[PDB]
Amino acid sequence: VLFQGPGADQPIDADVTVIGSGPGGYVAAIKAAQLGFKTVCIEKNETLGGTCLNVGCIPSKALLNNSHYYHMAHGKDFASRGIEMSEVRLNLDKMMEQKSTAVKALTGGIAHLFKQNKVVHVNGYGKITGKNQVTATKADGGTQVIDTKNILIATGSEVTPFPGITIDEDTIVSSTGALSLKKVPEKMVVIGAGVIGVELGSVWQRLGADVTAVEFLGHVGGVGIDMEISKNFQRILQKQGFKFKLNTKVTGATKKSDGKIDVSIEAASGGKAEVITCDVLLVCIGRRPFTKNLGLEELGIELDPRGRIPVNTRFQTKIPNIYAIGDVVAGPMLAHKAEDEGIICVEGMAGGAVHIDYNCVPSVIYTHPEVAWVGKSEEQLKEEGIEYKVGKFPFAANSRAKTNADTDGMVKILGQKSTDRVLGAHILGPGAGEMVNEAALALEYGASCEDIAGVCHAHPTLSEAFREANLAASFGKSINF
C-alpha cells in the first residue's frame, strides 16, 4: 500500500502529490502527511533523498571530514600533540566505504520516515497529465494515475554541462564522479571555483592530488560571498597547496593517448593562451533546474530564462493548485532552502501563513577552515546604498581556537550605522557552519549587535569570537583583541 513500484498500477487518490524526494520534496511530503493530507511522493531514482543525500551534501561532507582527519594524522598536527605514528597510509576504498555507509543509512531512513508517516511512495517518473492528475511511468513500462487536489513540483537540479567537454565520469567527471574516484589523481583540474568545486578540490588536495581550480570570475566561493572573506579564504587555501587561476576561461579539453587531459585556457577577457595538463578533470561550473518531461509546456507553465518555474509567495505556479519549491525555483540552490520552502508551502496548503526571509538563509563551505555567512555582504550593502559599520574578531585571539592550534580566519559583523541592527554575519574559520545558525536566529528577531554582545556565551568556545565581533561593531572595541 505505502510502496507503489513496478506492477502496482491501480489508480490512486491524494490530497497532495509531491514529485521528487530531495530535501524539498521528502520533507514537504512528511509534513503534509503530519498536517493530515493524504500524501503521495513520486521518485524516479532507486533511492529517496535526491541530490543532497545521494550525490551531494552527504557524501561530500563525509569525504571532507575524513580527508581533514587524514591531513591531521599525516601532516604536522598530530605530532605536535604527542601522538607519534610510524607510517600514515591512505586506504581510499575504506574511506569511500565510510562515505557509502552514511548515504545508505540516511536514504533508508527516509524510507522509514515515509512509512512511519503513511506517505505513499510511488517509484516512477511523474508527469503532470492534467490540472489534477499525475501519471507515473515505471521501470517496466507500466503507468499509474494519481488523481490529486494539489501538486507540488520538487524535481530539483542537474549538473550544468560545459559545451564541447563531455562528462563521462571516468577521467572527465562531474561532482558525482569526483565523489567516487578509485584512486587519488596525481593532478586534477577543477573548472569552477564555486562552493562545490572548492570543497571537492580540497578533498583531493588533502589526499595527495595536485589541484588547480580555473574560474571565469574574479573570486572563489560563488555568488554573494563577501569579497574580503573570499580573498582571505583563497589565500588560506593557496597556503594549503590549492592553486587558483581566476579571471580565466576554459576553451576546450582533449583526452590524450597517455590517458591524461590537456585543458586549453586563456584570460577571461582574451589572450594569454595556455595549456594545463591533468589526470582527472572535474567540471563544476554550475547546476540548473530539472523539469524534463514534466508536462509544463502542455499545462502552459512557462519557465524563466534560467529554467526556473516562476512561483508566488505561496509557491503557487500560475496554475493555483500546482506548486513548486527548491532547486527548481529561484533563490539559492541549497538543501535547507528547499526544505524550508517545502514546509511553508504545505503549511500554506493547510491554511497557514507563508513567509520566508531569504535574507536569513545561511550559506556554508565545509572546507577547513569553514566559511559561512548569512544576510548581506559589504558589496551588497554598498550596492543598496545602506550605511553600515564593521566589527571583526580574529580566531587567533579566541581561546578555544588557540588552545586547539586552529586559528585561521575571523568573524566579521556588518551593522547598520545608526541603528546597530545586524545586517550580515560572515565567518571564516573553525566551526563556521554551526556558528552561522546563531546568526540566523539573531537575524530572525531583527537583533542588534548590542543584543548579541549581551548574550552570555560559554567560555572557551569559538562562539565567543562571534560575540566579540558584535561587541566591536556595537561599542567600537572588543575585549580580547
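In this text, residue numbers run from 1 along the sequence as written.
Chemist: When the C-alpha temperature factors are averaged for each of 192-200 and 134-142, which stretch ends up with the higher value in the entry?
Modeler: The entry gives the higher C-alpha B-factor average to 134-142.
Chemist: Identify the stretch, either 240-248 or 350-358, whose C-alpha atoms have the larger mean B-factor according to the entry.
Modeler: Averaged over C-alpha atoms, the B-factors run higher in 350-358.
Chemist: Among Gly331, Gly177, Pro289, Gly259, where is the Cα B factor highest in this entry?
Modeler: Comparing C-alpha B-factors across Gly331, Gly177, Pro289, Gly259, the maximum falls on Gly259.
Chemist: Just to confirm, going by the entry's C-alpha B-factors, which of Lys76, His336, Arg308, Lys99 comes out highest?
Modeler: It is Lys76.
Chemist: Give the position of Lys44 by CA B-factor within its chain, expressed as the lowest, middle or highest third.
Modeler: Middle third of the chain for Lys44's C-alpha B-factor.
Chemist: Please place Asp327 in the lowest, middle or highest third of its chain according to the CA B-factor in the PDB entry.
Modeler: As the PDB entry reports it, the C-alpha B-factor of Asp327 lands in the lowest third of its chain.
Chemist: For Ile319, return the chain-relative third of its C-alpha B-factor as stated in the PDB record: lowest, middle or highest.
Modeler: For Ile319, the deposited C-alpha B-factor lands in the highest third.
Chemist: State the tercile, meaning the lowest, middle or highest third, of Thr461 with respect to the CA B-factors recorded for its chain.
Modeler: Lowest third of the chain for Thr461's C-alpha B-factor.
Chemist: Name the third of the chain's ranked CA B-factors that contains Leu471, choosing lowest, middle or highest.
Modeler: As the PDB entry reports it, the C-alpha B-factor of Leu471 lands in the lowest third of its chain.
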